[PDB]
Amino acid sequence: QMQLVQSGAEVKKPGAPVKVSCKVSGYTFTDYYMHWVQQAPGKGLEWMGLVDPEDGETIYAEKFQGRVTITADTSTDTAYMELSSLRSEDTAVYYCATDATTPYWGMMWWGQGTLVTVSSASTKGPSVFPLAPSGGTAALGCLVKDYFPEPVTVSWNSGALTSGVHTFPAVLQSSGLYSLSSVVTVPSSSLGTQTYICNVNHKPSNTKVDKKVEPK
């Protein structure tokens, strides 16, 4: 089977260039065109452009014209996608894809994708805040706020508490810092006799927090 092996995730400041690679194996690189495709978070697929590895010809979509440069190295069976002058908007997974043998254009083979996040923020540990309860069952949690970059891991009582846990997906704020929440349901009488600690962990900045959540 064919392998479109793309390069790893990127974290560029706004205005910086980025170059995503796509090494191929399993077929002859020069036989087929190579598409690149953008997918913004929570959004659909969107064609960026293509290149013909045999002669170097390119065809861009009007939307990425001038800003994107697709190239192809036949010496190393690799296709590149460079995006000069990144904007905040440009945060997306970028796929490379081999063009189909069909008469019409299509994406026969796909790479695993490459997350290019774009943010002015620097590395920063999260700020963990308690979510205290205020029925028969009651809820509690932990606001995990203003951290960069992703990800953060969250457990309850060192992974003892698992059922009923809901750690929501991170939301990129206007400041360029991520923010997250993690909640859990517990018996209402168990509030003064059971302790509940959220174990936040942020490996990118070696930040760990164990806020205990109490009612009040």
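For every residue, the number given is its place in the sequence shown, counted from 1.
Going from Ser75 to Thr76, the model skips none of the deposited residues; the chain is continuous there.
Mean CA temperature factor is higher for 184-192 when stretches 184-192 and 41-49 are set side by side in the entry.
Between 100-108 and 80-88, the higher mean Cα B-factor belongs to 80-88. In the PDB entry, the Cα temperature factor peaks, among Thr28, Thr58, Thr167, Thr162, at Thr162. In the PDB entry, a CA B factor belonging to the lowest third of its chain's modelled residues is recorded for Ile70. Among the modelled residues of the chain, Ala121 sits in the middle third by CA temperature factor in this PDB entry. Among the modelled residues of the chain, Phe64 sits in the highest third by CA temperature factor in this PDB entry. Sort the chain's modelled residues by C-alpha temperature factor and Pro133 lands in the highest third, per the entry. For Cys142, the recorded CA temperature factor ranks within the middle third of the chain's modelled residues.
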